[PDB]
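Note that the chains are named A, B, C, D, E, F, G and H in the order they appear, and that numbering of residues resets to 1 at the start of each chain.
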Amino acid sequence: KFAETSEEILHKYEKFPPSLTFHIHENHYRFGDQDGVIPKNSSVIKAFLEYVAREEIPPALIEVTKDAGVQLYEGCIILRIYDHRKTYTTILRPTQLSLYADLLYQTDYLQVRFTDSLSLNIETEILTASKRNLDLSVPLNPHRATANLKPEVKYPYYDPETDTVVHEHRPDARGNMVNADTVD
Amino acid sequence: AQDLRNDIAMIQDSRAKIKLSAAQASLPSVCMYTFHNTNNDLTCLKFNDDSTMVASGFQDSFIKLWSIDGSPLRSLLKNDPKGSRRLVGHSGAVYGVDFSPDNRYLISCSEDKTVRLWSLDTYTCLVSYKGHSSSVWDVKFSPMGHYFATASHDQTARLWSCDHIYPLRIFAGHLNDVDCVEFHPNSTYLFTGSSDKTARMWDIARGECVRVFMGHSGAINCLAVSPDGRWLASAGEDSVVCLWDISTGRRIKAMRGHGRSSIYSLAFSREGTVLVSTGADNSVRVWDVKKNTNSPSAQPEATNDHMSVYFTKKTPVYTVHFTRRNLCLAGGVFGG
Amino acid sequence: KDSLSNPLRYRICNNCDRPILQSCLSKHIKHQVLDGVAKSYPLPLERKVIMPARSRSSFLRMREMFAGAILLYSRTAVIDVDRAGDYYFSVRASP
Amino acid sequence: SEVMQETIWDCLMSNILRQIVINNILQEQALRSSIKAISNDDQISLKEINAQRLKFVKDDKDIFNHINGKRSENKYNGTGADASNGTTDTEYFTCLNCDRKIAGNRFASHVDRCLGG
Amino acid sequence: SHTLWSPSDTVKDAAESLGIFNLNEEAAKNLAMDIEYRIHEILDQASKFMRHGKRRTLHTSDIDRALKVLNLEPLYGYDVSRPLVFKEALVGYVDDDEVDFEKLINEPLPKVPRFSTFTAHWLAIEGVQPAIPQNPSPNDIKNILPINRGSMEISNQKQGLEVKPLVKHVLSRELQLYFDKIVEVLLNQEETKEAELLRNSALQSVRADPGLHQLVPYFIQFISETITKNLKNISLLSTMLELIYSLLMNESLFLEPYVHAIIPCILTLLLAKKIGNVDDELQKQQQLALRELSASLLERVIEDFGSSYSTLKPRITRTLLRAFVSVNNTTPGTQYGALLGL
Amino acid sequence: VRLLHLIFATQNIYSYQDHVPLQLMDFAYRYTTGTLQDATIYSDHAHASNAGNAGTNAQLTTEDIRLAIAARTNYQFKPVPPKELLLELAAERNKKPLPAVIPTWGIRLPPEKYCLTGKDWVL
Amino acid sequence: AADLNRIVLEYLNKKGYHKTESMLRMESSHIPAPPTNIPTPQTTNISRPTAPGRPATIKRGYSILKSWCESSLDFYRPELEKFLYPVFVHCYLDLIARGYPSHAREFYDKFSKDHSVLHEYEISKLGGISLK
Amino acid sequence: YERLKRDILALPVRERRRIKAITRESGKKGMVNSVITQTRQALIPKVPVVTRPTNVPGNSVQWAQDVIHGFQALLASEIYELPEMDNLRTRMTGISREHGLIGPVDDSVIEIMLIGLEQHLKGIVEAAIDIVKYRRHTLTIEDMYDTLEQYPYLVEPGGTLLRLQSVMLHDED
């Protein structure tokens, strides 16, 4: 019953709203019960959208998300986007920075007698193993750990005329060429 | 393939009790290589693949290739006219060296945040590499070639290729220095071990840590992987070898021995039946590994899982290399 | 003498199951101080923390965005103008 | 003087060792003759000597099984109810003062109310 | 006070050497605190550099580098040679003075040591540790018991005396039965159509399979028993020649220790001094061929193990030529084998 | 100093060379000199120096020392493990794909003009 | 010890996509892997040098044939020398019909110099053919 | 050696001082030495809120609206130019309130700061120019990494150098 998959997390973990719904109507950006609105402010929401075009939850949701929802609201998220040109949804996941943030907001209380570097370290040895009971530990034979079948090669040869030759990959950038984009 | 099928059935009949079943333990042979006259100016050794050369990285930017069994070390050129080849091209001490499994190249890390590549048909550098902010301890190839990895004091590890000159991936999960790096036999995982008394695993594509193993009051220095994909070895200043299972994240066994000294190097068999530790208490220590594991091979007549210990003439030992065959091959220093 | 030298030596009566001590059977049938002190655990005065402006700025920005959106009200510290120079401070934790 | 002193110490040491070994061999010969199917001695609930090849009574490194190798309740597992596999919660004692089966974890509280009478 | 490094005099010495007077006590306590922490800091870094040089006796290069990595200024002027004194001095004690100075001219030349060259030997053949070459004797009983802990461990018919192969407990319960299956499938010798097909795959199994360095000498004694028990069966000697071609095509087997015990089988077979060998239309139609196969096997053996021994090819050449020229061969076939082996 | 050996005993390093204690004590002297020097400057700064405006009287509380040390560790003294910085930075690197190519059983080098060609250097 | 179980279970209680069912499976980080086997080259084929992000076996079989023979005894040379060429031309015909005519050409003129002392016109017989 | 060492340490009269240093020092409300709490406490914004036992002068109440405003600025490295006064002033008030001061920056600080800044950067680029050409060229990133390998005393480590070793991309990408 292993469930630490990517597409299966969306296919099976569906049909229930612990989510955060987004809202778009081609000019504003919104999620949840938001009194306000976000315009095309690339200082913020493009940092968000960069992550959400991938499947990573940003590092920063966690503490507000935790203090907001007491349960049934975490582990991961899915976001509810719907256009006005349909409705769409797609999944986001941790990155080990979200997980390290899951240790930070635990530090605003009991800073003393907490053995931080010990306890909050050993916590991860259990958590990381428990999140992931699906690893792929399976070998396969090379030509190097057996015998009688070592192959031949002809790149590092010795011409009679020239000294030796090698394998060296191929760009298109030449010398005395245009350096890069404009200065703006 | 009718007679072919009958002969395949005959091979299957050989499988019935004519083919060996267990391949139980087998106590090893050894051949030692003590390096005299160095004034302790010597960090690492490393042996070849087909067991013809042994390279030692000194502490003044020097790499002194040695030839076992003769002096054929001559270039293919017309110039460059005994069997010891010295490599320059470095600024600081050398801490790790590794060979190419096609065995016409060589890689060598240092404390001057360089990684460098050498040929072996001209004994000559080709490339320099720089993406690291601090000393690089150990550099190891992939089991297949093409990709190599490094460990540093910058509390991070970088996985390189050989064609591209700047790193491809950077791995960051250590609250102290990453002492050692190794690749699991599929070549899609890396095991870092550190002075923070913890060990970690990484997906080269992902970047981020699949598993973390904690124990071992003390540092870490060397790691090993058993060929079949269950088993990693943790060796550290604590002097207790720990065998770890990747899926469990909890050590299957805790081999106890080796007095009270740092354990510098270790290795498994060709078929995972046996391992070997190798230490600074002037002793090597063969351990059985299947005494209490999921394959309890016992074969009956301080703690157990300890077949034999071979002492040396006041020599701290630095490495091993199981050959294809039964025997080990060792490297130590200090003579008497 | 030597109370744990051997097990309790007794027999059991087959009539009433009582454990009987042998003598009762017939009647029932009828310098280093400084090493221990040297545990100083020294400390520094101040430590640096490598934290640029950009990382914490993006973090804090997105933080207060979500904080004003879902529910100052964010999770903040509290430092007094006096008796500062200490190293850890309390927190408001206002929801 | 050293050789004579080592000789005196060795006579003291060997006599003491022989006395301890005689006590051990006789006790264990008595236990084996008395109980031919000996798997465990009487022992106590408190752990004795650390487990060995002549460890009597079931010793669990994991701390979960008793001297007969059986589960007590060292696992707080379950389905949120009926958990423990039924340890003392699902046991009962017949009270002779009122003729009722009483849950064993409630015998003390039952006694105070029952013996009142 | 708080910790080590008593700030009543140490920090006082520092400040009063600077030229101040007013350092409150608690300040100097805290200062002792800081400098002690910096000490532990640099010390751990130089340890990190220590255990890469895989040494223990921390030298000054360790701390010098450990400074260079902390973005901290270096420290010059501390040479290993010309050792230290810490001479005393008293005032109405301080225990400090250095009286190693007053030089005017130096004209000494340093002497170069040998280069770093390596000394191989042999150690631990098959579990047993020789003491004859450069090794220890049992003198680690005198070592300090926390350190170096734990300790478990006549003729050309020799295969090993310090290994103790007599006790039959080492092999296994499994391995005796495996060996029985092997020998029984070998010594079958019933038909000419299926028996070779029934045994050849076990032959080609021991050709290539792992962990066989436990049961080698049992195998050796068994096959030597086979040759000394019987001389007539072309079948058994053919199978044994092919078996030795098998054991030598293996890749997971080390066979230095036993060449000087397998040579006699090949030679006593290749000569093949037959007391009988009656005329049977196959006394020589293949006996020559069997001798030829053994000779080629011999060529292989000498070509392989001609580096770990020098006396072998010598001994082999001497044996065969002594058996060659003797007119009392009593048969041409032995001399033919000698000729085709030479 | 014997107490320096006593401090060595805390880390299981009883293999010194006897130059280390001289050297580390010299170091700490240098360090604390600089420290309580610039702290004295700051104690002057609170005492409002220029080319004659007031006197210079020393107290040297702990706050000044704290100031004089935080400036040093502003550019020295390997700080707490900056994990979060590295995590985000490495996620920025750990973002663009692998090459996903096959050099077909050899080594693939950088192109010449990025390779070195370690010839005898010459003018 | 048990405090770690307490705290991680409270954590997983707060993680809304970790219910009580699968949190206990999360506590099954104490069952290890089964004893598995090493991939001998009996059944499992080789893999190619690639990336970690997801023909010519004929050539390697012929390489086996030319390696295992020459590494054999001297008695067996005069008979396997004639076992070489026919299977070579057979496997060349097999691959050039399989659909890799370029590969066929390359390992042909690579291994055309196999039996040049016996066969003289056959190299011209098979050199004037490229396409299926 | 250890026993003899302790005995010789007792030979000094400081055996008494050595005997007293058994407790745990920093007799305060605390000095934590962990990592994560240093980080967090060095990450959240602080707030200089004040007491008032009898009178805490200043005549200007403390605010943390200023800290939010400071962290919200379009700081450098997004824009392509060094910041003009106003941005820098808005960022400073934030830092001063966030450290535990009060009172407004007084419009001369910003200018001296800009001055020191442009001096800094002229020094750096002069260094790189001294690298590339000895006596029509155009400069790259690698030359600046070279000169920040040679001269690292210029820049304070942290933040940017690590970021500098994560921008050196290869040609095709």
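Here are a few things to note about the model shown:
Here is the rule we use: a contact is a pair of C-beta atoms (placed from the backbone, for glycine too) under 8 Å apart; a residue touches a chain by one contact, two chains touch by 3 or more.
Among the remaining chains, those touching chain B as well as chain F are A, E, G, H. Among the chains in view, B has its Cα centre nearest the centre of the complete protein Cα set. Each chain gets a centre from the mean of its Cα atoms; for chain A and chain E, those two points are 48 Å apart.
Per-chain CA centroids place chain E at a distance of 44 Å from chain F.
Centre-to-centre separation between chain A and chain G, using Cα means, comes to 34 Å. For the pair chain F and chain H, the distance between mean C-alpha positions equals 14 Å.
Multi-chain contact residues of chain E, defined as those touching 2 or more other chains: 2-4, 30, 33-34, 36, 38, 40, 56, 69, 71, 251.
The set of chain C residues touching two or more other chains comprises 38, 40, 42-45, 47-52, 59, 61, 75, 88, 91. With touch defined as above, residues shared between interfaces to two or more other chains in chain B number as follows: 102, 126, 144-146, 163-165, 170, 173, 175, 188, 204-205, 208, 227-230, 246-249, 270-271, 324.
All chain pairs that count as touching, in label order, are A-B, A-C, A-F, A-G, A-H, B-E, B-F, B-G, B-H, C-D, C-E, C-F, C-H, E-F, E-G, E-H, F-G, F-H. Of all residues in chain C, only 5-7 touch chain D in the complex they form. The touching residues of chain F, counted against chain B in their complex, run 81, 83, 86-87, 89-91, 93-94, 98-99, 103, 105-110, 114-118.
By the touch criterion given at the top, residues 48-53 of chain G touch chain F in their complex.
Across the complex, chain F is touched by residues 89, 100, 102, 105, 124-128, 145-146, 155-156, 161-165, 167-176, 204-208 of chain B. Of all the residues in chain C, the ones that touch chain A in their complex are 58-59, 61-63, 65-71, 74-75, 88, 91, 93, 95.
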